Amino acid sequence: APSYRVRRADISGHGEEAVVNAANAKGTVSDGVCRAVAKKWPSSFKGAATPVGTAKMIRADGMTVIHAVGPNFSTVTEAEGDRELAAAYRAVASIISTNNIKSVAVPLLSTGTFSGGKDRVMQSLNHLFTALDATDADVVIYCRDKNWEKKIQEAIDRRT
């Protein structure tokens, strides 16, 4: 069974074996989690392009980086977005399992640039739990907002 912790910190300072980048399909660098990952592990972006709802892994700069492309909710219906967000997290979980990754730093996919201006913390978190429950990884969830930290902690606790 996996364990779940939440850290309010820059994901680039994570102490885990692997990190999930909240990526775009083209594998370009832009504002958010993507900028911090690009600065700390710059060569992790070579050939990282991958379709929406998929993940692509690389070892570079002494780190395992998992480029997960959540949907942009401005570009899909709510139902299509929900399906694609679930897919992105399952793709991440499959990479964790197949590669025997013991611990992973994960941000909440599609909750920033890709949120279509809605609060999607719980939508994204619940897909994170569903997908990563299929692993035995130690998952550390990273956010920047104190109010999110508390909501995520409450969500973790409720599963006990």
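Counting begins at 1, following the sequence as shown.
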Q. So 65 to 73 or 112 to 120, which one's hotter by mean CA B-factor in the entry?
A. 112 to 120
Q) With respect to the recorded C-alpha B factors, which stretch has the higher mean value, 51 to 59 or 131 to 139? A) 131 to 139
Q. Looking at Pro107, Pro42, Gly27, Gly32, which has the highest Cα B-factor in the entry?
A. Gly32
Q | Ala18, C-alpha B-factor rank within chain (lowest, middle or highest third) | A | middle
Q) Where does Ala38 sit by CA temperature factor within its chain: lowest, middle or highest third? A) middle
